[PDB]
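Protein sequence lines correspond, in order, to chains A and B.
All the letters of the first sequence, read from the start, carry residue numbers 21 to 47, 57 to 251 under the deposited numbering.
All the letters of the second sequence, read from the start, carry residue numbers 20 to 46, 57 to 247 under the deposited numbering.
Think of the CB as a built atom: it goes at the ideal place given N, C-alpha and C, for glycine as much as any other residue.
What follows is a single structure, written as structure tokens, with notes after it.
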Amino acid sequence: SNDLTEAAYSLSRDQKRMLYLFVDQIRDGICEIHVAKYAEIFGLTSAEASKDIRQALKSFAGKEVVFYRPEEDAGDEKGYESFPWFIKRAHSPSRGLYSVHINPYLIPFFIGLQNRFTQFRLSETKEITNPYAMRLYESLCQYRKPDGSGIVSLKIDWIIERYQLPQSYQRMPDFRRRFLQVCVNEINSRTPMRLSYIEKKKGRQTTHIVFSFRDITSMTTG
Amino acid sequence: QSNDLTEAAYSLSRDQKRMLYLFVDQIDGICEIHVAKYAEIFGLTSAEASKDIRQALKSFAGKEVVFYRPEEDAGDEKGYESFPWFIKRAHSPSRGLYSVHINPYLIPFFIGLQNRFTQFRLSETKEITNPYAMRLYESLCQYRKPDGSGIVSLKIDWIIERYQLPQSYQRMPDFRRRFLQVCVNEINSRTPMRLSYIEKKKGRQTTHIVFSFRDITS
DNA sequence: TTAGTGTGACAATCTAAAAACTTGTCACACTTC
DNA sequence: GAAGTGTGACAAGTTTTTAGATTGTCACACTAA
């Protein structure tokens, strides 16, 4: 689907938090990171907001968003087009100011994030590079109730689909330790969602996976 | 002139260097590379290139170009201003070509970056990570000669402030085991020059150093 | 006498070179009914 | 038996360690005036 998204998750929390600002503001080119605005948008001293901001920016070094391409390629070689998050970025303890020049090519997709930052609470998600974990995660969320909890049954053949999984995983045992186990155990170690699941079989062949999640923020136990 | 992006190139891998040239030629600040036309140049297989191309192009991203500010900082914190080599990079095997768009912020700097393969023959430089070594190298080379060799006598104090050598380096013992020896060596083995040094000490204190270089290539 | 000259030493950095994981995909051996 | 199920193995890739070098700095024992 949208790589720019699959990139966001790929970021450090404090980073994706940063990104919110930039998108909250998009509600051009060069922008300065307002500690004060950040500090209170996440309940925090400027002392701390500062620190975070600083690391995030630094960590944002050498990054980039990859938009894959079909036509442009041929053979056992896929074609792309890649862009760094920031054309320019810099800090100055002296004037206590953090500057960042957002790469233009990318700006146009930000507006897309807010729908994310809000529905899927991205701003509080550790680094996630499993394009399938992500996909599953947005699906499950989709079924949340204002209780930050839920149960939803998905059909395997439906999963393997809207999550474009590799053929080999059609062989259930693999599906297990490659997708299911991995992802569920990745939603619990990165996102604020807790995930439990049960295999619901119709005979010997297991047909559906029934997940039950809840909002770890509103939980009081393991 | 000189600067970061300049002594920043010296690091670049053969491969990158090899690419930084096909770029410099052209440089609004875009570049295209056709694995074939390339691969013919370097006597590599059509695909042996692609591997070499993307490999370095990758090392290009990631290692962003940064300008450290010594005045702008405060506390343990150093001040900076960083810029990734490219704005937009790409490869479309369907058309066996690799495109690239130099960061506009770095475009300007190219003017003298071109002055580097030119006057300082960078395109023949092995990889170098020691600035001091590359400084002392850009100096001597200024005083070339028909044959390209030459002898220069520089003031120790001068070869310090002009190269921003660290304070602990005013002391002659260290100076030799961390700047001279080192940097001289990392030139005799990474550039087309055979650096020879002779220090002139007026009794107890040494003041000038006699660098006698010579162009080994031709 | 004395300013001046090789080393070791140590904290602090980079860096190359490894062990250590991922992702897809299978072929084994076993149970089940 | 026709199907389903966990583990090993693996080529390819990626990442996190590990162990080495590099730098900036100094107290030290140490030779020619």
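| query | result |
| --- | --- |
| Rounded distance between the beta-carbons of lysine 230 (chain A) and residue 56 (chain A), thought under 8 Å | A break in chain A separates 47 from 57, and the residue in question, residue 56 (chain A), sits inside that break with no coordinates. |
| Backbone CA spacing between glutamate 167 (chain B) and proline 113 (chain B) [nearest angstrom] | 25 Å |
| For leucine 126 (chain A) and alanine 65 (chain A), the rounded distance between their alpha carbons | 11 Å |
| Which of helix, strand or coil DSSP assigns to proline 113 (chain A) | coil |
| Exposure label - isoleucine 140 (chain A); buried when at least 16 CB within 10 Å | exposed |
| Complete alpha helix (DSSP H) runs within the segment 62 to 120 of chain A (minimum length 4 residues, chain order) | 64 to 70 and 75 to 88 |
| Nearest neighbour of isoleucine 185 (chain A), chosen from A:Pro202, A:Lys36 and A:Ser218 [CA to CA] | A:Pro202 |
| Beta-bridge pairing of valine 239 (chain B) - partner residues as DSSP gives them | B:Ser182 |
| Cβ pair count under 8 Å reaching 3, the segment 114 to 123 of chain A against the segment 154 to 172 of chain A | no |
| Buried versus exposed call for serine 152 (chain B) [16 or more other C-beta atoms within 10 Å across all chains shown] | exposed |
| Below-9 Å beta-carbon distance, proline 122 (chain A) vs any chain B residue | yes |
| Cβ of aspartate 23 (chain A) within 9 Å of any chain B Cβ | no |
| Reduced DSSP category for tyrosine 29 (chain B) - H, G, I as helix; E, B as strand; rest coil | coil |
| Cut-off 8 Å between Cβ atoms - residues of its own chain near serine 32 (chain B), not counting five sequence neighbours on either side | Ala85, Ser88 and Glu156 |
| Chain B contacts from the segment 78 to 103 of chain A (Cβ-Cβ distance under 7 Å) | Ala90, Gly91, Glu93, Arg98, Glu100, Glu101, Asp102 and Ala103 |
| CA nearest to the CA of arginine 219 (chain B), picked from B:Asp81, B:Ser30, B:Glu100 and B:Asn22 | B:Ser30 |
| Contact with chain A by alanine 119 (chain B), beta-carbon distance below 9 Å | yes |
| Alpha-carbon spacing of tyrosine 109 (chain A) relative to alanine 68 (chain A), whole angstroms | 37 Å |
| Expected contact under 8 Å - CB spacing of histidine 120 (chain B) and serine 182 (chain B) to nearest Å | So it is not a contact: roughly 51 Å between Cβ atoms. |
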